[PDB]
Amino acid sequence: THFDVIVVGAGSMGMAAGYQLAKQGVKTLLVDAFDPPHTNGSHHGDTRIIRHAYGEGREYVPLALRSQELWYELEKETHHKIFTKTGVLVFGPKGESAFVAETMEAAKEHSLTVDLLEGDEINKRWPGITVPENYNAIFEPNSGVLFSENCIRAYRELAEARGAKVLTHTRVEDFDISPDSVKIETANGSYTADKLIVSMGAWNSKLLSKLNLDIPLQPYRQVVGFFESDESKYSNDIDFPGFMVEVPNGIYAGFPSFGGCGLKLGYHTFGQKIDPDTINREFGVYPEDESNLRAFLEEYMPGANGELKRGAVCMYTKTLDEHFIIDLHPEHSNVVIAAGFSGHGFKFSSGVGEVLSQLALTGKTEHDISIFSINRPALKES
């Protein structure tokens, strides 16, 4: 059967696209290598931060705010848990964090509700945090934490109820694009449609070449660990925040303990360069997996440095500028590309789904997506 739209990669971005398309009666096929949500891509490890005041650049704020509303809509539509409003704390040494400074500028430019704190005010407000006196902070009370695997699962179940079809455990191997249709090849058969969305996460870095694109898209191995913690300090129940912070040796991001699961941490600015089909997915096979996390905890969050309860291994896919790619294919207006989310895309996946549906159906979007152009110079090596 010929579909209206085919989505290749039914993960964070593709499943949201599928939901958006199905809700409008568009006959959609989604094809995934696995059965999402799963532990082989970029969406597992339970939780994701959503921030509105945005240290990567104030121009992300409108998409973050739209995405936040879309997450509240999803919460109301499903029985799965979507969002909890932890707030997000950002801190770093005063005068020495571009990330903190841009977060602060973004909040001012968009009139976001934030608290500004410094030094011992941080340690007093949130027992369990120990920063130096020369640190400053911005705290965003109304952002928080998404349950990412639940988000994809809910979008899948809602899309399928409206007639979207999901073909699981099926790798797309090649493409054939014509002026008025698209075709995909798999070991389980070939499929056609009017429009294609390409959203294969870390595998975009290997398979966009089949669409005559050569864009730097390096996959990275990124681990997270959950640690036995002082629940009187680090529980969501006592208002411990989500956080993303800059210190001299890089950026870390973490989560309060939910229901006793332990504080979760990741080192965001370091990971191993990998290939998505040979990555070692076991936490702890490199000493740095656990040691880089405890180096942070023992200094800044010392009561959250107990036994390792759980570890996960997940992938980032970076562009050279660490901004996303969301655009039509430059040679094929019936092909939409979502790639290069550079370790910070999940929070936008609801809004991106809307963008991708608009691009597929109309060739345009009401959102300003200029900074995500596939033709920008900053994507290309010298």
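Residue numbers run from 1 along the displayed sequence.
As recorded in the PDB entry, 203 to 211 is the stretch of 108 to 116 and 203 to 211 with the greater mean C-alpha temperature factor. Looking at mean Cα B-factors across 181 to 189 and 78 to 86, the upper value is held by 181 to 189.
Among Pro256, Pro141, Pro93, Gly260, the highest C-alpha B-factor recorded in the PDB entry belongs to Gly260. Reading the B-factor column for the CA atoms of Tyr220, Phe243, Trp126, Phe147 in the entry, the top value corresponds to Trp126. In this PDB entry, the Cα temperature factor of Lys165 sits in the middle third of its chain's modelled residues. In this PDB entry, the Cα temperature factor of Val8 sits in the bottom third of its chain's modelled residues, the lowest group. Among the modelled residues of its chain, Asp32 has a C-alpha B-factor that falls in the lowest third, as given in the PDB entry. Ranked against the other modelled residues of its chain, the C-alpha B-factor of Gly55 as given in the entry falls in the middle third. Ranked within its chain, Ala22 lands in the middle third, by CA B factor from the PDB record.
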